[PDB]
Structure formats: structure tokens, C-alpha cells
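Per-chain numbering from 1; labels A, B, C, D, E and F assigned in written order.
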Amino acid sequence: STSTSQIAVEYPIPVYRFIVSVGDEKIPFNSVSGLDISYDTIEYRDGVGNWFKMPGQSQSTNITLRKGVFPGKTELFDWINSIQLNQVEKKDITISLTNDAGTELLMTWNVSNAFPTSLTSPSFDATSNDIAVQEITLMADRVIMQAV
Amino acid sequence: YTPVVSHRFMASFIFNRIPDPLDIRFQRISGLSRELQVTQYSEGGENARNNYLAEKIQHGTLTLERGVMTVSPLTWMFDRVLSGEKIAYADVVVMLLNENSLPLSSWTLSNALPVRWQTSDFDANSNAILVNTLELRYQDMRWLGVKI
Amino acid sequence: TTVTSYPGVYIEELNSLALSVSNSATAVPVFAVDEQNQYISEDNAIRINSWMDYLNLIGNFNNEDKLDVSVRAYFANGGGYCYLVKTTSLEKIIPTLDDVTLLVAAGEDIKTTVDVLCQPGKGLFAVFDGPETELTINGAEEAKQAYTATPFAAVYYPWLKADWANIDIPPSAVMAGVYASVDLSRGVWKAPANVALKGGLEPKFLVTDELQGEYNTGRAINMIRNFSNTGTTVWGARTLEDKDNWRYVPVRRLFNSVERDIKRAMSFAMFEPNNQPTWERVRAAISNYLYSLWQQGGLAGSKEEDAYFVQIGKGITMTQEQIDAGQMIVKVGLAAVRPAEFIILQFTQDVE
Amino acid sequence: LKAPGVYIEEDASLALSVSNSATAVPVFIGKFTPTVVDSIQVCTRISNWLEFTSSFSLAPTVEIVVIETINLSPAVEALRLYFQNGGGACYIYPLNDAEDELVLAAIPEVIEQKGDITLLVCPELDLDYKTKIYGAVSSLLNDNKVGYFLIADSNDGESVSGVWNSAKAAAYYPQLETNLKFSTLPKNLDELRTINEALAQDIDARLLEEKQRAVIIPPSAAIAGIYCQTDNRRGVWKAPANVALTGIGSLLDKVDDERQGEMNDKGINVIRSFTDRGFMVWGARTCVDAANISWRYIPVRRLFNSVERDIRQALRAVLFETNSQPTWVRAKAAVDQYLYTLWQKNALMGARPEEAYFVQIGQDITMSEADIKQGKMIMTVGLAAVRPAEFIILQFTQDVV
Amino acid sequence: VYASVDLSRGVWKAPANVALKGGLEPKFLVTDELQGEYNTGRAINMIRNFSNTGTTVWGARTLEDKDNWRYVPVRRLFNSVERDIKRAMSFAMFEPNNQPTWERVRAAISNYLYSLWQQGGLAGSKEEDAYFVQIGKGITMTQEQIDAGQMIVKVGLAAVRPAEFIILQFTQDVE
Amino acid sequence: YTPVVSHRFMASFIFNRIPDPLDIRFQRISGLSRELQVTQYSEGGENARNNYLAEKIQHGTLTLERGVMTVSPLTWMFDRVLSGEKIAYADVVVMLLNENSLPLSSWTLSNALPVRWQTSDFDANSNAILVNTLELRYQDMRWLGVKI
């Protein structure tokens, strides 16, 4: 007979309830995926036999976060339209698994300097019951994972 | 600070102190090198460190290719000097560009003599633009601006 | 030290500091200190991290003190941080002190202390000095029995002399530098003999080979002596006991360098639930230490199953009455390398 | 304030973590001074460092004896190190007198009234202060009460040696020497500011002198966070030892292995300093007679405290129901469903869960007809705990083949 | 000079030891034994010309002589931090004061200070000896501070100190 | 012991005993080679083993490229010597770096004469950073530290 306060400290947390904060805005997305922390490896072997392994260069980070379109809201396009030649207004993304209503955060992922590439417009077909869903694949650096 | 990208540029020509603003569209420009020639002089009992003596400065050769277009005051200049009519000089102003199409830095290439002029080859088997690899030798280079 | 008032550069001189480089290794000589020294307090162990830190303590250097010429020759050769303990309280402070692997008689007589201090359970390997008078072939039975027969000690006879010192320099000073300079370069398992002495150190008494033939048998006295090709060098690698288990110092010093690095490798097992998943987490924390020691050439053999073995388990090594007493008995075996002391050269005249 | 916007301010205070845990709740009996209410609340429940600053002093209670020998109380500092090693929501019992018999004897009467305490600490140096409290607290170490593990301190290597020599006590020998400093405050020195002009300038110089020295504390407060830190990580059934203390400087004593062999068999644990690992708590025995090998460890005593403390919580839905056969089969199932979770988390040694516990309750199994007619119910719980490994022996042989 | 050094070497470097342009020259020659008395206590920084480079600034001390604010690069960094924190998290004004506002605030500070950490502005070697941002109910703010409309934030920094003195010891006998 | 990695480095310049701490960000540095020139002398009846006679030491040439940035005291030095104004020397201190940004080993390259200076080419068809491949000839090299 476990109580509801032991569940909140022992049991793991599910993916289906999270909030995303793009810069200073809160945009409700459908699926955020593709954030990770990768490194490459350097090997060095010599003669008598010493297999030295060191982690080397930090590898790039591009996350892919997906949203249905809405009749008035055009938010992801004016970020992929804002880019002239060399610079975008880079924002920071905070993802955080929440409570049922968004009154508590449970674990938070912070993304440092994010600029968008590859906005994909929806796939129209007259035989599908889907919602018109678009995605944005923004490249960034330094995903950190913060408790509470 | 932060580096700049290498796919915004324009190059304008100066034919006898009359500017040529019709011919700023080029595919690529060679990048401007200059080198101080050096005579190494080894001497005497000093056989543990070198001793380099300066000499004259050797400027590079500026190549720049473009798609073949309608005939222009640039093309009438090369055709005039490479048909043996008149050996004339032309000054070249090569500038980088900003996002707002403002120049970052400009290289002025005084008294550039048009040396050679070469088109790409025709071939029936592959699809590509006919280009005009035209190469001209300058005798001085005066860098001007910010962000060299 | 000059006081600083204005931001800038100060050109103040300080003649003859005799400055040496700081060094890092894993060999920590407890230095015995005679009781008439003033810059030491007893029932206290001060720590000397480099030669500048000793020179901060005593103020200025003089070549009269038997300690002052001792720690200079230590930091000139090997370096590493050392503990200066006075002799009359050395029996209380060394069991107190962790990071103690070798106890150096600087210039004092410690033979009464090592008998109670150095035990099979501990992790020390003392070194002390031979006689400072000349000893011959005839006096080989008298000075040999002046030391005990414990396998945890080594004796170096010829006292040193240097151009920068006036009193003779005791050889356990430099031999703690040599023990710390060889363990970094060639590892622990190589013998600390056949290595040069730096710092301008020179032996006081010339030793012949026919003299050393009598001080190598039994309670052996290692000796340092100079040669024509290289200069002065250490020429002994025998401990005091002459049984084949602990005859050479590299065998005794490896087993002492193993135990201090096993007991910190599996020190997580303290006050853990004493069942079976604690045991295989212990036999695996030892086995990939000894394998990493195996690949560097520290043990003899050719396979990993002639090299070592770790065997624990209920009934294999511990009884059921040892479980509820709170005891984990571990059996570990090793097979170290032995050095080549003799090389004989047979000169035939007639070639076939 | 009075206007919206940012307000930058410098030279801020220090804040810590909250680290809530309702299983090892200590109580800090010492020299504290309240500042906000000063009147009625004989002991206050704090939950973190901020409710302490919002209710207490952050000032050591200076105590002068007239040629003068002085005393500074580290009770405020010793509680900072409790929140730095572990955490929790300790009750704080300020007690400045320790000689009024009418207040000191009512310490167990108010500390059973709150019903949440498991640990009993005393962060003071003074023997005549500390040993007066342990005699009053020792009524909680009887068999009539549950929980109440008195974590104590010995100022020397010898035992505290009282009537609190029962199995519910643990002593930790070497006093710590923390790296923090003070910020400072005989019958109200402001009175003596008028009478003796010569002593006033004498005592004001010594307060600035003892402000610069690092304060020494007892380890009866730092291990109270160690008892909580290994309760979130590994539960009660693991020994609160082989874990590094944080935030302390050097030790005060440097006790070796051959002196420890008498103190540990006596029942005094020891914080022992290893260089490559830090200041590890070394020892998990209790202040018990060495013949009693059953309760000879901390967790074997402390788990049995924590099981019956949560069985009373689980049995409270049984009491004023009727006394017959379906009441016992619900009470038997409640402790069976509790002990099965302890068997799950490897708190009890065994392979199959009829060995790790047993509950026997019934009409003729444990009771009589005159037993039930009086209206009481007796069951026999019994459970086998895991005993940790204190000593290990490494046997280095040399003949491999 | 304060505006020409902050662009080149950043704020945390000292604005002394830099040349003066524009043909500026000091009126009064200053000795070193004169500057030894105006560096202690309420310090007076001084500019003076040298033989190698010309006129330059030769002081980096503020007026107070406590170790918290003794050097101007320490005081000017903490003043350049606060003006760029309070514009980095100025979005938090008149936002719903609950927990998801707080972690959006502690993350807007923490990847500013990390970007200041990587440029060499703070001392240390890790990011956990360099700075700390700690907010939360009970960690730094009470419950009575929530319904008064207050978010108390505690941020710590560890800046660099400059090397004022360099002494040169001239032994004559080489070993 | 264990080897070190080759992607932490800084190189600072010394212009007339005045250090240059603005220009430590470089893309790559050439790696420092020196070579003892050797004249092989074969002689007489010894026709089964060679006999090499030493000669003068030939130091390498240090190239180092960086992204093109705002104009700096490094760039004003190369532009001054490669426009024929002043032949001046500059000392280079190239150091490896640790994890705590401490130097492992440093190479001091005394009296390095700036020989050549070459930018990358503009091209409209590919996206890359304009770099400054600038190459300078030193006349002595004094290795200093631990872990060479």
C-alpha cells in the first residue's frame, strides 16, 4: 500500500507531459526528439601493446521538435524566415517533464544556443485523417540535464 | 571575434578611371596571396640557427571565373588586349559583403594586366554551365577596411 | 621575503639558495630526526613538500647538520613529499600516519624500533645505514650480526661525501631518493641497484669486489661504489633475510606496493552486506588490478593463470563460523621477477 | 523595495539543500537562542536552513568565567554541518540552563509528544553540560519505547559509561575541526561595561581573538547527517560507515589501528582519516556489552527500530475494531504485506520469503480466552537481518602453482 | 582606456599596463618610492612613462582595501555581470510566480555564466568551483516571500586577481 | 606515460618585446620540424657500411591559419612588412594546453620573419569560412617544459 508521496520519489516519470520554452515564449509542441551528448574516441596503440583510449572531440547536436499548425499562429516559420546570410536570432530551449498541470517541474533539459535549420511543411494528401503537422530541426550545442 | 563566410562577394572593374558596374556577378575569385621572397644565408661557425635575408615581394595572380553572359564592357576589354590591339591596365575592387549588402573589407588591385582568358570545354555528354576562367595579373594590392 | 608596496618589479638578491625541482612520485620517506634538532616538535610530524618548504622551515642552510645534508641529497635525487618525525616519538606517529611506505634512518639508530614497528601486517620497508668506519674481510662476522634478520630492511654501507657538505652524508638519505626515482621510471619490480647518484654525491670508502663477496651472504649489506664507465652507482639489491621468499628488495617492495594498492582498490567492501554478491565484486576488483599489473611486466610467467590467482568463496577459503563473525578471508598469490645478480664470461681461445 | 524590477545586492548569505527524509529525524538539544518569538515554543520544527535563520540566531552563545577562561558554543555551527553532509527536518530543542531539574526532567515528556524523532544528538563540548542531558534522555532507551537511537560522543577514548549503556547508543570519538569561522554576539557584560572599565577592554580583545580561530565541534552532529545520507541511498539496513564526511578540516585526534582495537570493542566508533579517500566514518558497532552478538551492530539495532516504528503506523487501522477472527487475518496480512517489501529490497537475508520473516497470530497459537476477553491481541513478528562485514583478511601467498 | 580594454581583453583584465594614445603625456614624473605610499589603504593609482613603451597606466586598485573589492577588475566585473544578468532574465517580470518560472530563471542565468566561464572571466577549473545559481522554495525564499511577490536569487562568482608584484632573485653562483 | 591530444593550443606573438594577447585563436599550426643536414661520404675500401658527416641544422617553416576576423595587431604586423614598409621580427610562443588550461610544453620561436600571407578563395557555390593561411619563417626554436 504505497502512498502518493512515495510514488513521486521512487517511481519513474513518463514522457507524455512536458513543456517547451523557446527563448522567452512557451510554444506547445507535440514531439521533441534528438537531443544527446556525444563524443568521439581517440585510440593509440604502441609496440609492446598498450591500448590507450581517450574521448576526443565533442560531436554536434541537432534536435528535432514537432508541432501541428494552427490557424493564426505562425511561430516556427518566422524563425526560419528571420535568417539572412550569416546569422539568426539564436534562442535557448528548455524542455522539462512536469506534473499534470504545469505547477511543478520534475527534470529539465537546457539547450544553449539554438538556431533553426530544415523546417518541413506538412504533407498534404486527401486520403488521410491527419492534422497538418510541421517540424523544425534546429542545430545547437551543450545540452545539459538539470534535476528539479 | 566571429569569422565570416566566403560566398558573398562582388568585384568591380575600373577601366581608365571609369567604373564598370555591370560585371559584379562572379562564380569564384582566387583569393589574394602575397609573399616576401627570402634568401637563406648560412654562415661561418653559426651552424645551429638559420639566418634569412629578405628580398622583393611577390604578389599572387588573380583568377576569377563567371558564367558566360551577354557581351559587356568587361568582355570588350579582354578581347581588345588579347587580340593584340591595346595593352591597357584595369583596376579591380574586390569586396566582401555583409548581410545588409554592406562591404566588410575591400581589396583594390591597382594596374591589373589581363593575362589569359579561357572558356570551359563543350561536351555533349554532361550538363554544366559554360564558364569563363579569366585570369589577370595585378602589380599592387591595397587592402582597405575592417575585418580583413 | 621583501614587503611589497608599489606594483612593479623588485630586484632583491638572495645568494646561494641551492634550488631543486619539485617532484611527484609514490614513495614517502619517514625521516628519523635526532632529538637535539630545534625546528621539530615531538609527538608531531611535519611535512616537507619540496626543498623550498624545508628551507622555509630551517631558514638558512648549513652543512654541519646531519639532517640538513640528508634532505638535500634526498631532494637532489628523487624528491617526493617526506615526513620529518623525531626519533623518541617515532613509535607513536608511524602507525598513526597513512602514506608511509619506507622508514629512513637519517643518521640515527632505529634498530630497536624496527623490531616492534615493522610487522608482516604493516606496509613498511625500513632502510638504514652501515657502519661509518671502514670494515674489512676480517670483520665480516662482527658487523653483520649488529643488525637483526628481518626481511623488511636493507643496509647500505659506504657513507657518502659531497663537495657542498662537510659532515659525511648517510646513504639512507640518497637511497630513499633512488627508491622514489626508480619506481617512477622502471616501476617497482625493477631492482633499485645499478642506478647512478646525482647531486655530486661520492662514496667515502673505496670497496673492492673481494670485500663485497663476504657482505652479500646471509645478513647482506648492500654497497655503493664507483666504476670507470659511469661513476658512482648502487650495487646491491638484497634485503637482510636470506631465504628465497624474501631475499631481494624488489620482491619485498613489490608485495608491499601491491598490498597498499589492493587495500585501497577494494576498500569499498567495508561494512557492506556480507553475502555472495559482495564477494564477486571483491574478486573482480582485485583481478583487474593484478591484470593491469600483469601487462606492465610486473609479474613473471607468460599466461594470466600462472601469474596470479584470486580465490574467495564460502568453503573455499572461509568457514560458516567466519561469516557471522564478520570476516572475509581473501587468498591472493603472486609470482614476481628475480634479478640477475651474476654474469660469468667464459673465454675460449680456440674458435671452431 | 516599493518598486518593481531587479534589485542587485552584494555580500549575500549562504544557503544549502533541503534533502527531505521522514525516517531519520534528529533532535538537537543544545545552547540556542530564539530571536523572533522568545516566549512559548519550547522546541521548534525546522525543515531546512532557511527556517533556522528565520527563527534562530546565527550567533554563538558566548559564556565567560572570570585571568579569565572563556567558552564559545558551536551549536549553531554544528547544525550547519548537519545540513551540509546530509539533510532533514530536525526538531531543535534550545536548552541553555541544564541545571533546572523542573525543565530537564520534562525533556522526555515533550519529545514523546511529537512522535517523529528517531535520533537524539547533543552538539556541545562541555562535559558538565552534556552528561547532565544524557541522564534525562536515557529514559527513552528503555524497552517501553520504540525508535530513539541515541547517537552520542565521548570526549576521550574511554566510554561514556552511564545507565545509557543499552543497545540503543553509539559513540563517535574524534572531535572534528571545521573550516568555518564565527561572527560573534558572566551576568550581562553590558552591566560590567559600566562598573569595571579595565575588564571591559580586556574581554573585548579576547572576543576578537577567538573570532579568528576555526571552531572545533563534536561529531555527534555531523554523523546525524551521515545517518540520513545513507538512508536515502541504501536504506536503513546498510551500515552508516565507509562514507566520507564533507566540509570538515583536519581532525583533532589522529588515532591509529592499535588504539582503535580497544575502542571499537568497547563500542566507540571512530572517524578515521585516509588521505586518498578523505575523512571516512569507520565503525558500525553500538555501545553494547560485547557478549550480546545479536544487537552488536548499528543497522541490526536501527532496522529493528524502524520496522516496529512503521508497524505501529500500519497497525493503527486495527485497534478499535472488534476482537474476533477476521480482525487478526487483516492485521496478519498488514505486516505480511509490509515485510514482503523489505524482503524485496534485500533488507533481510535469505532466499525464499518464508525464511526472512514469520508472523504467528491466532486463538490458541498466541492467546488465551482470558487474553481476548481482556481485549488485547498478541502476535509474534520475527525477522532475520543482514550482518555487515567489519574485518577482512588478505592472505598473500607466493607459490602460485 | 576602460572602454578600449573591455573590447580587446574583456572586463576581467586589469585596465592598467596599457598605453595612452593621442599624444597624451603626464605632467609630473612619479618615482616608484613615491608610489609605495599611495598604493596602501585608500589607494591612488598613478600613470607614468617608461623607457620601453612610453606613457602607460600603472594602477589597478580601488579606494577600499578589503580583499572583497580591492582591485577594479573585480569590482568592474561584478558590475558588468549584474547589468547583463538583469537584462538576461528580465522576462521574469510579472510572470506567474510558481516553480516553472524558477527553473526558467536558473537556466537563463546558468548559460550566461557558463558563456562567461569559457572566455576565462572566472577563476577555477570546473564549472562547480566557478559559480553557483541556487533558487527554490525553502532553499532561498520563504513561503511568506512568495505571496509578497519576491523571487530571491543567490548567485556566486570567483573572479581573477591580477599579479601586482614580481620579484627577481639574482643568485651569482650557478649550480 | 600516456600521450596527449592535438586540439588544444594557443600561439601568442611578441612584437618588439611587447606581447600580443589578442591573437591566440588559430585553426591549425603546422607542427615544428628541425633537421640536421647530412653529407654522406663513401671512402676507400669501406664499401659495406656508410659514413655520414653532419652539417648545419635546417629548421622548418611555421604555417598557421585562422578564420578572418576583425583587424588586430597581428594583422597590422603582416600588412606592414608585406607592403614593403618595415622588415621587422616577431617572436612566437606556441604552447599546448592541459584540461585546466595550463600549458604542458611551449615552443618559443625567436626572430620569426613573416614570409607569406594567403587568404582562401571566394566561391559562391560552397559554404566555408574564409581563412588566412599565413606562413612565417623562424630562425631558432627553443622547446620549453614537460611533455615535449
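FYI, a contact is a pair of C-beta atoms (placed from the backbone, for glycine too) under 8 Å apart; a residue touches a chain by one contact, two chains touch by 3 or more.
Look at the CA centroids: the one farthest from the centroid of subunit D belongs to B.
At the centre of the protein atoms shown, by the Cα-centroid criterion, sits E.
Inter-chain centre distance (subunit A to subunit F, centres taken as mean C-alpha positions): 42 Å. Centroid to centroid, with C-alpha atoms defining each point, subunit B and subunit D lie 82 Å apart. The distance from the centre of subunit A to the centre of subunit E, with each centre set as the mean of the Cα atoms, comes to 35 Å. None of the residues of subunit F touches two or more other chains. Note for the complex: subunit E touches subunit A at residues 91, 98-100, 103-104, 106-108, 110-111, 114-115, 136. Per the touch definition, subunit B reaches subunit A in the complex via residues 4-5, 8, 98-100. The residues of subunit C lying in touch with subunit E in their complex are 2, 4-19.
The part of subunit A that touches subunit F in the complex is made up of residues 42, 44, 52, 54, 56-57. Those residues of subunit D that touch subunit E in the shared complex are 4-6, 8, 10-13, 15-18, 47-48, 50-51, 54.
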